[PDB]
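Working notes for the structure below.
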Amino acid sequence: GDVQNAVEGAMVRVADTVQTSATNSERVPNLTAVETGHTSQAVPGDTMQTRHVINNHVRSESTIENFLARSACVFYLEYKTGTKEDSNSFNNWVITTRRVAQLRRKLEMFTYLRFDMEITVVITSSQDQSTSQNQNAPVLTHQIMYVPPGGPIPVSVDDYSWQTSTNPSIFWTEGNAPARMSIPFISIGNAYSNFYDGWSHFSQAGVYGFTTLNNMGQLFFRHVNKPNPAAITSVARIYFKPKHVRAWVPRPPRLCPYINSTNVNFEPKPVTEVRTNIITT
Amino acid sequence: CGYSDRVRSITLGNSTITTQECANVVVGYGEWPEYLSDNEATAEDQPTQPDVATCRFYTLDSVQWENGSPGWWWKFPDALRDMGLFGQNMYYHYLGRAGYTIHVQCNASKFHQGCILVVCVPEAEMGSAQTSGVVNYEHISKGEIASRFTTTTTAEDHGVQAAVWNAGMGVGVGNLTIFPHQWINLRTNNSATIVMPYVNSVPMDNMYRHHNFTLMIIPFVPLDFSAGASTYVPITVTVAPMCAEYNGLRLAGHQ
Amino acid sequence: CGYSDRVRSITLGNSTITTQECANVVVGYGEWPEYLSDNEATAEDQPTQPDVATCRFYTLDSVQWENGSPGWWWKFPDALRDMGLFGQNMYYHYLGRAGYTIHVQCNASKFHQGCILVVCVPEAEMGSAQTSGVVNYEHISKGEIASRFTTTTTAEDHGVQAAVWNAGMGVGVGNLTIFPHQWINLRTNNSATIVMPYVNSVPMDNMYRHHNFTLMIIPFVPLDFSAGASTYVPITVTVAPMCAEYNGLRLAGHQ
Amino acid sequence: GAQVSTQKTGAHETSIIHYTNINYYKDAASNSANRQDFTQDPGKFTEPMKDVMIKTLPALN
Amino acid sequence: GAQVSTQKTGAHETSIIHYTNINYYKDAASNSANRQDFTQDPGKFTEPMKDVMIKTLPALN
Amino acid sequence: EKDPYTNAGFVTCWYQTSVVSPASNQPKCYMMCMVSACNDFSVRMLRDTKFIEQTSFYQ
Amino acid sequence: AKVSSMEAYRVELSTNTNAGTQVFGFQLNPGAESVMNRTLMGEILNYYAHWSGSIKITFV
Ligand SMILES: CCCCCCCCCCCCCCCC(=O)O
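Protein chains in written order, with my numbering: chain U, 19 to 299; chain A, 171 to 425; chain B, 171 to 425; chain Z, 10 to 70; chain H, 10 to 70; chain V, 87 to 145; chain D, 226 to 285.
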């Protein structure tokens, strides 16, 4: 039923093989015409004498949910402990899923995709070398702030923006289990669109491609602590897991490597790997 | 009975196509096109539905199949923009919705061979020949004139990458079959009929900005015949809109 | 009640005209326009009916009423030939049928006087200034721009005889009242509304060749006002097609 | 108001073990992934025909 | 003494999932925010009239 | 937020006839335009405004 | 000049103006269009990233 009710299930199993005998009939079950665009429904019992077999195999790791629902790394971002004079004391990331190769290829197998998402974020810190690198420092808290489209943007590590009166934020101290949020569905359409063939302007111009639809705000990252007598570099690795997925219209898998994350550009590659001869053992 | 399943008559509007060799008719994803319901409406204004006036078989341009030719594509609904009252309604309305009956016609005698894939790819976003470049409109469509594929990787500035084997979008051509398709294999049938329903992620859309699907005709087995047995064999693509309805009326224009 | 009979709201399509001074609404010959029946059909093909898309208030050009001006006429359906999708359907179809709501708008302050006859004359065949001559198209209509009457008998070659008092067709102007008419007498109302139904001797006709009726606006009492009380008072004619249906679809053209 | 449902378990030589789940949040989004549901229907892809084709009969006749 | 109530869930193509809540403190102040309650009444602001006005009739007559 | 993907069209106002006045009266006058949300309206995705800011705590 | 005064609210009409003359124009896009930006509706809107509904402009 509902795909947000996870305790409600269903059960089905792979088809069995029924025993058949020799024939000398006037019916051909293995002749068909490909032209039709119809895939043949031949089963082994149609061209061999088969025994009776019972299958208890069940397709269960090829469900869309089980396939997509594992936490993939989408991006990592780096930022030092600094002052207002530094321009690396905070950093930000424009949300997109096209940066990594692996997850991108998985998603792009479906034209339209509708899901809720669990965002987990692993922040790791390291001591930078300095003369005073044996300076003592206590534990560092980090702040992750989500800025929805068209909101105020930080210009420095310290300004009014960071007050977060209606922006979701996570404060996470080091040495604890990774920060995790769940996000509902959030499109203005009825599904996320992994491909858009069209233009941003009615005069057939501007931006071509998927870029036009994507717009999801940005994550601003900073340290909450005041600077110590030496810099500490932190790198936050962002993990995404699509749960409660529903998918429409399957597409061929990608073959050529990606080049850009704002368009589908590619340069042509060989169809498949060469082999020695047309007859090969 | 007296029936044969090789003869078919499709009558829609004031236009009838007959064919005496065909193999069935593929209804895209099992669903027959129909009007928008009142559970999926977003627009508040009363739709116009021109029925018979805008549903009927529009014969688009026909290209010649030759031994060396690599393939052709057209982009819908963009292609139909000069076709009669369909064109006019599309020009004066912000939102449009419609399904389509695609009927590709070709024929030859018994002493010819060759096999074309006929496939309707929804949402075909295409690359660019220069991979730092960006494609522009004129190399994406020529309206109702077919855009040709190429078999040579190099292409002009704002050229679209259109090397046959990667389908112009970076996927192995041999897998295109996952989308609604037929084959016109010369010896059996001589026409394809794909009834493509409206597929989009939103109930209605602007007909100019968005391109719903691309009709790709790719020759997998080259046209061949023995000497002195005719040398001209065209391929004519005829398409009919179904259940077309339009919301949002304002002055004509693009911008 | 809370009603007054001086306020009226006519909503048709996506277009609403309101008026706060009017005197009733004249339904031409007692009959409200409606679609052709199956007892009076002649054409066999299925009609298109564009409903909401082609029924709505088209505001035509507005001329200025002055003290000396003699009157204006427009010819329907000819006038509507550039109005949106009405124009387009009329251009692509051999046969058309429709009724019309004619709404003439004018206004002035209390210190103006003047009275215009607003009359819809069906089948107004008009003379020629030269009585051995023959009138031609360009002096019969200027499309949506008003054709002016004249108060001087002499006129150019292929001029139409248009001396006010004989209504441009050889009948005393004072008897024009037999056809559906109203008067905008400045002091009482300030608008006229005539719902003219389709009247012809044949069920549908070609929209270009035949001119169903002529809207004549003739000032019987001249516009007058005392010094320094505004000098510009336009008259705007707004018309909406009703129940428009078209048979016989073919390529666009006149010839 | 707890919910009880059956755990995935393989076949056995010639059964049912339950687990308990309770939701603790007010938004359906917060719920666990729906990993049990094995329903499918190849039909739409494998046979998108208008006229039914019987396997044993010739495709074109 | 547990309380059961329905979670926010969107519409579906042509349902109810519950969650459980129990209070653990002795002061009503400690309770979770009341985020479910969508009742409203524009009346007080949009029409603060003494005499009822019928939409279809003229405002002043 | 302004975005090219979604636009809401153009609202324009035109003289349908003209403003007519009597003898001794002012030639120029004024209209005023009220705006409000209809009875079906909704908003989603709560976020901070950009119309207020500070550089330090108020005192 | 007019924006820091009461002038801002009053649209000037004049007598003896030819018919079919545009009084004013602006594109609709509340909460990003200057005209409706700081009105009551506008101010409420700017705390949200998505809107939907119908707007009614009462000309007095
Ligand atoms: C600290 C609060 C963080 C809130 C983060 C909000 C993140 C929004 C995530 C949007 C995921 C969009 C997936 C798009 C998939 C696609 O079409 O490729």
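Cβ coordinates follow ideal geometry from the N, Cα and C atoms, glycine included.
At what residues does the beta strand (DSSP E) containing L230 (chain A) begin and finish?
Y228 to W235
Under 7 Å, CB to CB, which of the residues in the stretch 60 to 80 of chain U have a partner in chain Z? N74, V76, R77 and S78
Exercise for the section: Could you check which residue in U:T68, U:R116, U:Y97 and U:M29 has the C-alpha nearest to that of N232 (chain U)? Expected result: U:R116
> Listed from N- to C-terminal order along the chain, which residues in the stretch 210 to 222 of chain U have their beta-carbon within a distance smaller than 9 Å of any beta-carbon of chain A?
Replying inline: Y210, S211, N212, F213, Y214, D215, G216, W217, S218, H219, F220, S221 and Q222
Q) How is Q275 (chain A) classed by DSSP in three states: helix, strand or coil? A) strand
| query | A197 (chain U) versus chain Z: which residues are under 9 Å apart at the beta carbon? | reply | The premise fails here: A197 (chain U) is roughly 15 Å from chain Z at the closest Cβ pair, so nothing lies under 9 Å.
So which of U:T149, U:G168 and U:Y210 has the shortest CA-CA distance to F133 (chain U)?
U:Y210
Give a yes or no on whether the minimum CB-CB distance between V46 (chain U) and chain Z is below 8 Å. yes
Margin query: Please return the same chain residues whose Cβ sits closer than 6 Å to the Cβ of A249 (chain U), not counting the five positions on each side in sequence.
Written below: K98, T99 and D146
**Message:** Measuring only the C-alpha atoms, how far is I31 (chain Z) from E136 (chain U)?
**Reply:** 19 Å
What residue ranges within the stretch 33 to 69 of chain H form continuous beta strand (DSSP E) runs of no fewer than 3 residues, ordered along the chain? none
Discussion item. I'd like to know if the stretch 229 to 238 of chain B and the stretch 236 to 255 of chain A are in contact, where contact means that at least 3 CB-CB pairs between them fall below 8 Å.
Written reply: no
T55 (chain Z) and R45 (chain U): beta carbons closer than 8 Å? no
What are the residues that DSSP puts in a beta bridge with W335 (chain B)?
Looking at the DSSP assignment, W335 (chain B) forms no beta bridge with any residue, so it has no partner.
| Looking at the unbroken beta strand (DSSP E) that takes in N110 (chain U), where does it start and where does it end? | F108 to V112
| said: List, from N- to C-terminal side, the alpha helix (DSSP H) runs of 4 residues or more that fit wholly inside the stretch 78 to 164 of chain U. | reply: 82 to 86 and 119 to 125
Worksheet item: For the stretch 121 to 130 of chain V against the stretch 150 to 165 of chain U, are there 3 or more C-beta pairs whose distance is under 8 Å?
Response: no
- request: For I272 (chain A), count neighbouring C-beta atoms within 10 Å of its own C-beta (all shown protein chains included) and say buried if the count is 16 or more, exposed if not.
  value: buried
inquiry  = Can you give me the C-alpha to C-alpha distance between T322 (chain A) and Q331 (chain A), rounded to a whole angstrom?
reply    = 10 Å
Q. Using 8 Å as the limit for Cβ to Cβ distance, is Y262 (chain A) near chain B?
A. yes
Problem set entry | Interface partners of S232 (chain B) on chain D, CB under 8 Å | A244 and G245
Report task. Classify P186 (chain U) as helix, strand or coil using the three-state DSSP reduction. Result -> coil
Under 8 Å, Cβ to Cβ, is there at least one residue of chain U near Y91 (chain V)? yes
Checklist entry - What does a CB cutoff of less than 6 Å around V407 (chain A) pick up in its chain, not counting 5 residues either side in sequence? => result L230 and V274
Consider the C-beta atom of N212 (chain U) and the heavy atoms of ligand 1; say whether any pair is separated by less than 7 Å. yes
Requested in this report: Please decide whether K124 (chain U) counts as near chain Z, where near means a Cβ-Cβ distance under 8 Å.
Outcome: no
| Between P172 (chain U) and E87 (chain V), which are expected to be in contact by the criterion C-beta below 8 Å, what is the C-beta distance as a whole number of angstroms? | With 8 Å as the limit, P172 (chain U) and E87 (chain V) do not qualify as a contact, their Cβ atoms being about 18 Å apart.
So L385 (chain A) is in the alpha helix (DSSP H); what residue range does that whole segment cover? Premise fails: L385 (chain A) lies in the beta strand (DSSP E), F383 to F395, not in any alpha helix (DSSP H).
Out of V:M118, V:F143, V:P108 and V:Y91, which one is the CA nearest neighbour of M231 (chain D)? V:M118
(request) Determine the contact status of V140 (chain U) and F189 (chain U), defining contact as a CB-CB distance below 8 Å. (result) no
**Prompt:** Which residues in the same chain have their Cβ closer than 7 Å to the Cβ of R176 (chain A), if we skip the five residues on either side of it in sequence?
**Reply:** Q190, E191 and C192
Report task. Kindly list, in the order they appear in chain E, the residues whose Cβ is closer than 8 Å to that of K136 (chain V). Result -> Protein chains U, A, B, Z, H, V and D are contained in the structure displayed, whereas chain E is not.
**Asked** Is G266 (chain B) closer than 8 Å to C225 (chain B) when the C-beta atoms are compared?
**Response** no
Item checked: Three-state class that DSSP yields for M366 (chain A) in the structure shown -> strand
Item to complete: May I ask whether a heavy atom of ligand 1 can be found less than 7 Å away from the beta carbon of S187 (chain U)?
Response: yes
_Starting from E326 (chain A), trace the alpha helix (DSSP H) in both directions and tell me its first and last residue._
It is not in any alpha helix (DSSP H) - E326 (chain A) carries neither H nor E in the DSSP assignment.
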